[PDB]
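Given as structure tokens, the chain that follows is alone and in the form solved without its partner chain.
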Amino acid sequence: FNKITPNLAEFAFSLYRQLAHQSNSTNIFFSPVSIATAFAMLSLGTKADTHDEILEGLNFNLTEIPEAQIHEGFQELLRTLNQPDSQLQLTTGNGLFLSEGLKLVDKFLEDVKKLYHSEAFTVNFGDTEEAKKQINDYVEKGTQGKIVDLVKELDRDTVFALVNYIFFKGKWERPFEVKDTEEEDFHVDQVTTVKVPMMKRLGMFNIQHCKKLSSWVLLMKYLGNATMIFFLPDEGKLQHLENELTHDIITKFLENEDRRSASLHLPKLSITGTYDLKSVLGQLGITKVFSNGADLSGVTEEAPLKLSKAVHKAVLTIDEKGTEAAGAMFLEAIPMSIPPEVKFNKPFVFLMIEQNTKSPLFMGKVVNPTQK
């Protein structure tokens, strides 16, 4: 079970570590799962080196894992995320926009819609401004107005664009009380603070100090099928934490059933991340599909084709409760002993895990909550 989860985890860390190297003073936030799903889907229209580069760039060793197991893993993961009764409030979409003058292969359009429950559209790229409006209107409608004007430019030679979006609003299983949120200091570096809204609660937490990561490690469950893992590095240990993360360390944390008291301070947060996937995935080895030499003959047989534009935007909120409705009133028994004070009041890393598949839905780093 969950055959592709180790690969997605390695993809998350590969992509995270690239972005953390190219800029160390900005927030990072992206969805490993939604990017990987989009490009696994795209690979169904590619062949030969173009195809192999895509799946290898998603951390699949094609000498070891059969391709059927790759797509089966992605389709199972999509089953759990796009399910009717979910409390997770996770919406993701992927739009393919292809020049209306191309003769498209029906098999590819069928695979996209049927297997990957995604959307493909024809557009007139002879009108660059209107094509961009249509792409941005699609994303804005798909996010009920939350992501606007996603694509800012299209080269005149564009004939194929890909947009991938995801937005998340969660409800903690064990919520904070809004009355307890107050302004507190956030240490953006060792001598500087800014004021930010800080939630707090005294509770029984899946929390531990981890010597291997030199970090506090907090796991908090959402209503629905996911858990957020928060990593708080010890003084001067942020880089060490980023270097030492591994999938097996994460698995051990998810199996922990011990709970201890803590006085938790956690910032409210509105975070977004926007990335040019041609640039970012190019650094991970995915280059041919973006080049004139691209083998996209599963998309269109007669005419040349390349992917000219590929954009990812991820949006997430962290707040106290996420609903005016009263849920199950979980009562936690707090011992008569001093709880550790665990304050997420300096740069920290986080990772959201889907409960069934253990897949990495989001990864990010907060260097300043109000960097906005």
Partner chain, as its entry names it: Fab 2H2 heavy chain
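Positions refer to the first chain, counted from 1.
In what follows, reference is made to the form deposited with its partner chain bound, a form of this protein that is not presented.
Shown alone here, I286 lies farther than 4.5 Å from its partner chain in the deposited bound form, counting heavy atoms only. Shown alone here, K268 lies within 4.5 Å of its partner chain in the deposited bound form, counting heavy atoms only. For the chain shown alone, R156 is not a contact residue for its partner chain in the deposited bound form, no non-hydrogen atom being within 4.5 angstroms. None of the heavy atoms of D248 is located within 4.5 Å of its partner chain in the deposited bound form.
Candidate site formed by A68, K107 and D111: none of these residues places a non-hydrogen atom within 4.5 angstroms of its partner chain in the deposited bound form. Along 247 to 266, a non-hydrogen atom within 4.5 Å of its partner chain in the deposited bound form is carried by no residue at all.
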